[PDB]
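Trainee:
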Amino acid sequence: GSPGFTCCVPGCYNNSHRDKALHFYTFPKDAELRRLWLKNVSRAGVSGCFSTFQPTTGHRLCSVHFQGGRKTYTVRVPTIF
Ligand SMILES: [Zn+2]
């Protein structure tokens, strides 16, 4: 696929540009909640508003973020960092 975008992982599974070979979850059905995730996923290049990993091709998230599994307990948005 793309040259990267394996979840801007500051510490979770694999990150938005250093693996691309593990599992990724997809974006909810509700547009906004989606943009909310946009946040947890990274942002304007995490420094400059270049455009890389543009969340158009379909940005998905990596494993080790939710607790237990299937989203529950309290964590809804994959931000664990
Ligand atoms: Zn991740």
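The opening residue of the sequence shown carries number 1 in PDB author numbering; numbering runs sequentially from there.
By construction, the Cβ of each residue, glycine as well, lies at the ideal position given by its N, Cα and C atoms.
Is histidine 59 near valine 41, with beta carbons less than 8 Å apart?
Mentor: Indexing the sequence shown from 1 puts residue 59 at position 59. Indexing the sequence shown from 1 puts residue 41 at position 41. Their beta carbons are under 8 Å apart, which means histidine 59 touches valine 41 by this criterion.
Trainee: Should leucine 22 be listed as close to ligand 1, given that the test is whether its C-beta is under 7 Å from any heavy atom?
Mentor: Taking the sequence shown and counting its residues from 1, the one referred to as residue 22 is at position 22. Answer for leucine 22: no, Cβ out of range of ligand 1.
Trainee: According to the neighbour-count rule (16 or more other Cβ atoms, all chains shown, within 10 Å of its Cβ), is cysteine 49 buried or exposed?
Mentor: Counted from its first residue, the sequence shown places residue 49 at position 49. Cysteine 49 is exposed by the Cβ-count criterion.
Trainee: Alpha carbon to alpha carbon, what distance is there between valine 9 and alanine 21?
Mentor: One-based indexing of the sequence shown puts residue 21 at position 21. One-based indexing of the sequence shown puts residue 9 at position 9. Between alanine 21 and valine 9, the C-alpha separation is close to 14 Å.
Trainee: Using C-beta distances below 8 Å, list every residue in its chain close to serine 2, excluding the 5 sequence neighbours before and after it, in chain order.
Mentor: The residue labelled residue 2 in the question sits at position 2 within the sequence shown. Once the five neighbours on either side are set aside, the close Cβ partners of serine 2 are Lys20, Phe53, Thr57.
Trainee: What are the boundary residues of the alpha helix (DSSP H) that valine 41 is part of?
Mentor: On the sequence shown, position 41 is the one that residue 41 refers to. Where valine 41 is concerned, the enclosing alpha helix (DSSP H) stretches over 31-41.
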